[PDB]
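Naming: A, B, ... by sequence-line order, numbering from 1 per chain. Basis for what follows: all heavy atoms, side chains included, without hydrogens, waters or symmetry-related copies.
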Amino acid sequence: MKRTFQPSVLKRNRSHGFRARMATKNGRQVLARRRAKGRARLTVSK
Amino acid sequence: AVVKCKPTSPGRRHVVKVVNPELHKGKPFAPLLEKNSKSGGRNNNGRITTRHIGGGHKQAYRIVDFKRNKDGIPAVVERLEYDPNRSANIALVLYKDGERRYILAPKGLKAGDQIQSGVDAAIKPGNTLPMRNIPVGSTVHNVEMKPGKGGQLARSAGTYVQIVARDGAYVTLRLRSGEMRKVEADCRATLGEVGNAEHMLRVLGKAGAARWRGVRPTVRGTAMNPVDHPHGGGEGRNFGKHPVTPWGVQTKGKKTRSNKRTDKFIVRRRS
RNA sequence: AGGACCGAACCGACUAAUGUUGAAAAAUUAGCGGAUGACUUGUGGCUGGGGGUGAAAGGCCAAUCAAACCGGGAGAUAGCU
RNA sequence: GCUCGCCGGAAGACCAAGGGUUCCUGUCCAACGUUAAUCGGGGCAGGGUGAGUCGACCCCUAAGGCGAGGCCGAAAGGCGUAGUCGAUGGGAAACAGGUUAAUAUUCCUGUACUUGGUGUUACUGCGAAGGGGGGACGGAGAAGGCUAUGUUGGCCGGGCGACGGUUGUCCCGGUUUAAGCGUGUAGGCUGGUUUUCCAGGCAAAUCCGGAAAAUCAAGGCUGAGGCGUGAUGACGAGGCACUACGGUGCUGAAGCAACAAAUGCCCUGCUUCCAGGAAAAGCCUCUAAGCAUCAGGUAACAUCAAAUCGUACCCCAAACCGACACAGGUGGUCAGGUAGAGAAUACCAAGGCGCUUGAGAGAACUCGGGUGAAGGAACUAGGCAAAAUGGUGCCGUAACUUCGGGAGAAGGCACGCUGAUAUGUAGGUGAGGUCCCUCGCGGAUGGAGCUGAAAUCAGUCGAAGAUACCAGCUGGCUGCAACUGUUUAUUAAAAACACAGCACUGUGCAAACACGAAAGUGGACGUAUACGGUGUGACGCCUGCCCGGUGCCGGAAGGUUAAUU
RNA sequence: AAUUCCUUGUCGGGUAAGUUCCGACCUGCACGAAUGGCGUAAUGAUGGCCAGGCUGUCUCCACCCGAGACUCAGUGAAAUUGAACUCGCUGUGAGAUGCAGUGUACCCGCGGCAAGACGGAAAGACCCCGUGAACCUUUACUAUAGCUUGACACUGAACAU
């Protein structure tokens, strides 16, 4: 059966990547929350 | 010509074709082509603003000259061509100076017929002059509403307006809708009628033919649920309310013209 | 020529049996429908929650939809267990 | 290692996506592996991915995204111009062989090719963020000409048979060779050449386009494949010396022809149809501003450079998505033999597997199958299921019908093998030879050889000849919907939704309408034979009466009536 | 009749027998003409009915081939579970393994069946309740976007009646 996750690193980075997060006010707030929480992986970049 | 196909299959019984052998059986003039990407009825916000639009055959836009501002230069018709962007056929005309342009094809315009624009042009089909010099009571098409911007009225397959009066700097027109509108007596109009009159007698014959034109299916509204449409649902076919648009407007007589800006060029709105 | 015919791939899912702590959170087996088209498919893109999209079933919108998910208001309120 | 069995339009091979060392070697068996395990995609260690030509990067753009200014918006921010990003598309060039335990069009051998920089020489009008050309494009169909590939024969080498026969019309195997360069063919498109003039191509233009003359018909472009060269080579079944029987040096014969033939190439073609079929750059040209005993441009030769990243391995799967070593899902490419219409199906090749618990027993019952006396739907909600029909050709085929259909209606006959017709026919292919010739990949003639149906007659075996796999049950009455289609992913595929068609109504363009506090966008680069909404739902015969109510469209005398005053 | 309550309407057809089916009758409970009416060739994995053929669908099952079940070795779950030394009957308490009376019954396994343990599974979807929700409807109430009316403002000039 066709499942939900069909991986594509291009669509992954364009949708949740670092530059995609830094391109909007709210995306930058996501990084701020993850930095404050102490996340080791801020994004899905690599 | 109008021809009824034979019922060799369900979907060809009622199809009626409009074949015209005079049309060019070749490629169009490339310098006058442009990309025309489809929209699906969606606007810059990506929302469906006009329903029932989607798919269809790829189309290239032909740059048609609706202004006809090359005055004093005769032009000969090279060939009649099929235009997918409109119901009427277009004509590739060659000016004496070597310039080529597309124009709407009038009723009886053929290859080799000469045309001309300007005030000193002759009163014959295809010629474009200001309505000041057009005799009253004549039939014209591709009429300008404001001098110099381009024809906007009577551009469809077999449409035409009739100049019924000329009072001053204005002239009165009988539009194909029956509306009696008046425009300035400096707007250019082309003599004759747009020639594809048989375009109305065409019968698609099947659903797929409408999808070729980019027309998506129309869901009625009584077949929906109330959350989707006022006509909504009901156990069976009830429909116990006044006919109404989506978004709640009558659709059965309610006039919705609320311009009030012109309010002057209209005389006999219609009917 | 054909939203033409028979029929593989491909796309579908009408019947039956099995399975039902399954091999599988919807499949398998035998048959079944369409199969040049309103077809199908890869890649990328757009539409964002009272909104989208919908050949319209209240269907679908990440195994979740008569108003998604996450967080917050929040220890909502609960004359009920 | 010898057998057996399975896949073989894959259960084989090569990739993308994705994963990210799972690849190779050695070593280990606690855990992981649904059992054991010496084994492993497990643990530990080491090793392994070599590019001017493959791909990415790069140049160019599509959808779309961002967006200097700008417009708009309480703020956030939204839209969008110039621009700049963005492939799933366009854009220069490498082939064969050999080689590693693991990489290769990347290393080696051989043979090549492309784009740039610099320099020299010679001849020179060079120059764009501009103009034009080109790039540049649909569906279906039709053949024709070719190749991949295959078959047979010939040739070379080997073999003479575990059991009757097998020195012959016998058996096994091999018979391979690229890009590039040269030739420019089948065939496709186009009439060329020169001069003069011009409201056009934002200015210019020798270019494009247009006009009027003269002169010739042979000019050119495109173009598979073939042939030649590449190649006195490489490869090569098998040998000769080493041979730890793990492999290495040398040598290594034949290496042709015919036929058949693609869904691949000529073909971005040809024909035809309507639903009328991307963009930009590279590239080819045109000149402007400007620069000329310069600079630049063209050709030849020489020389330099072509970086950087990816390259292992899996990739219909045990390595990706599914929590699993999960009967699921996953795009592209390669496409052998016999039979066959066929990529169906059966059996096989290359190659790869026997699916990570086995042994025994041969109860009930369950699952998946086979056969069945007599009867034959008596079963049951219901012929559910099963059984049955099944192919080709010929004959033949009703009601009804929108004259297309219904229809493969129904139903009936014949199908194998052998021989002859005919030592292999009709047909297809086509050599030598001959003749012609603008002497070429030419034409005509010629018919060798190769290939090869179908039919008839006769004979013959079996219970059965479309013998297997494969492969319509049919007919009659009737409701609903015209039809093909669409739908509740995951209990409903339908009489429901669409549908062509019909009608009403709105909309004169800054259209109605819709998304948007707005700008603006869609509608539409459309203009009433258009667009939106509503209902109905092919077609045919039709669609009657009622405007009191509600709504809508109009109208006015009067009454009533808001803010305001 | 996809519509007919009475109703298996009545008659006829088909069957030995037909609440279905087909054809008529009309007494249309409660058809009806674009929320279309009546027909309609073709089409349909569509609904209903009747035939031929076919058969293990059945009368009525029998045998056989395989995969499980069974035994051995290895590995090794699950739901459930107040505790159990966990029988029948009649009665009792509102359908008893557990109380009363009585009967029967050596202790423990394996293979099977599924009547009960009101068996397991999911705080019943029916029903009612809550001054609980959520969506939906409308000539329910109150509001409101939008559309629309006018006044003032952006907004001025003269002329005539």
Side-chain angles (χ1 to χ4, degrees), chain A residues 1-11 23 25, chain B residues 5-15 17 28 30-31 34-37 39 41-51 53 55-61 70 72-73 82-88 94-100 145 151-159 175-177 179 181 196-197 199-201 203-213 216-228 231-232 237-240 242-247 249-259 261-262 265-266:
Chain A
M1 305 180 63
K2 181 92 159 286
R3 284 275 109 78
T4 49
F5 185 55
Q6 298 304 322
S8 170
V9 309
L10 180 60
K11 295 213 287 184
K25 185 83 152 56
Chain B
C5 301
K6 292 197 172 183
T8 51
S9 169
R12 294 281 290 191
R13 315 195 64 103
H14 313 291
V15 63
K17 296 168 64 173
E34 284 184 349
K35 162 168 58 53
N36 190 21
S37 268
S39 65
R42 292 147 168 81
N43 72 339
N44 54 358
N45 291 334
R47 303 285 191 84
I48 290 169
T49 56
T50 301
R51 310 180 308 166
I53 298 173
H57 205 111
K58 202 174 190 179
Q59 293 174 343
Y61 182 69
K70 270 176 77 74
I73 312 179
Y82 177 89
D83 191 353
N85 305 275
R86 66 198 67 259
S87 58
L94 173 60
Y95 290 83
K96 280 282 182 176
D97 56 1
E99 183 176 358
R100 283 188 171 82
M145 308 187 73
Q152 300 178 275
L153 317 165
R155 290 162 28 156
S156 191
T159 312
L175 277 35
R176 204 53 153 67
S177 170
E179 181 166 306
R181 202 212 164 85
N196 198 10
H199 160 270
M200 65 204 309
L201 307 172
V203 180
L204 302 183
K206 60 172 190 172
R211 305 291 279 94
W212 301 342
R213 310 304 215 290
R216 278 183 54 70
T218 289
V219 55
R220 278 171 283 132
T222 320
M224 307 187 184
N225 295 307
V227 70
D228 303 317
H231 299 175
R237 316 191 174 108
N238 296 137
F239 204 108
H242 299 117
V244 86
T245 319
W247 316 286
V249 190
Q250 184 75 358
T251 67
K252 288 288 181 180
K254 183 164 193 304
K255 292 176 170 293
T256 185
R257 172 173 210 278
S258 96
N259 169 278
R261 168 164 56 85
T262 86
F265 315 130
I266 320 306

Heavy-atom protein contacts under 4.0 Å, nucleotides 43-56 of chain C, coded B base, S sugar-phosphate only, - none: -SSSSSS-SSSBBB
Mind checking if [X] touches a base, just sugar-phosphate, or nothing, with heavy atoms under 4.0 Å?
X      : result
B:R13  : base
B:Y95  : nothing
B:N85  : sugar-phosphate
B:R261 : base
A:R3   : base
B:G253 : sugar-phosphate
B:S39  : sugar-phosphate
B:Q250 : sugar-phosphate
B:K6   : nothing

Nearest-Å distance for atom pair [atom1]/[atom2], residues [X] and [N]:
X      : N      : atom1 : atom2 : answer
B:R213 : D:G277 : CZ    : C1'   : 15 Å
B:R155 : D:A524 : CZ    : P     : 12 Å
A:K2   : D:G18  : NZ    : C1'   : 14 Å

Whether E:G28 stacks with E:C29 under 5.5 Å centre spacing and 30° plane angle: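 No, the criteria are not both met.
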Base stack present between D:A464 and D:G465, cut-offs 5.5 angstrom and 30 degrees: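 No, which means the ring centres are not under 5.5 Å apart or the planes are not under 30°.
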Residue mapping more 5' on RNA chain C - nearest nucleotide basis, A:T4 or B:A209: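 The residue closer to the strand's 5' end, by nearest nucleotide, is B:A209.
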Aro-ring/base stack B:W247-D:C513, d under 5.5 Å, angle under 30°: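 Ring-base stacking flag not set for B:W247 and D:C513.
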Whether B:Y82 stacks on the six-membered ring of D:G276 base, 5.5 Å and 30° limits: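 It does: the two rings, one from B:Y82 and one from D:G276, meet the stacking criterion.
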Pairing partner (Watson-Crick or G-U wobble, both distances under 3.5 angstrom) of D:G479: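 Here D:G479 is engaged in a pair, and the nucleotide opposite it is E:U46.
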Cation-aromatic face contact B:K70/B:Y95, 6.0 Å, 45 degrees: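 Positive - B:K70 is close enough to the ring of B:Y95 and near enough to its axis.
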Donor-acceptor contact present, side-chain B:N238 to main-chain B:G240, <3.5 Å: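 No, B:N238 side chain to B:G240 backbone: no donor-acceptor pair under 3.5 Å.
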B:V244 or B:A197, whichever maps to the more 5' nucleotide of RNA chain D: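 Its nearest nucleotide being more 5', the pick is B:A197.
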Chi-angle category of D:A364 [syn within 90° of 0, anti beyond]: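 D:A364: anti glycosidic orientation.
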Polar side chain donor-acceptor pair, B:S87 to B:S156, under 3.5 angstrom: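 B:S156 and B:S87 do have a side-chain donor-acceptor pair below 3.5 Å.
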For the student: nearest non-hydrogen atoms of B:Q59 and B:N85, plus distance: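 Scanning both residues completely, I find the closest heavy atoms to be OE1-OD1, 3.9 Å.
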Gap in Å between the two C1' atoms, one belonging to D:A463 and one to D:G416, rounded: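 After rounding to an integer number of Å, I get 15 Å for this pair.
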D:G188 to D:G157 separation - P atoms, rounded to the nearest Å: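 Their P atoms lie roughly 50 Å apart.
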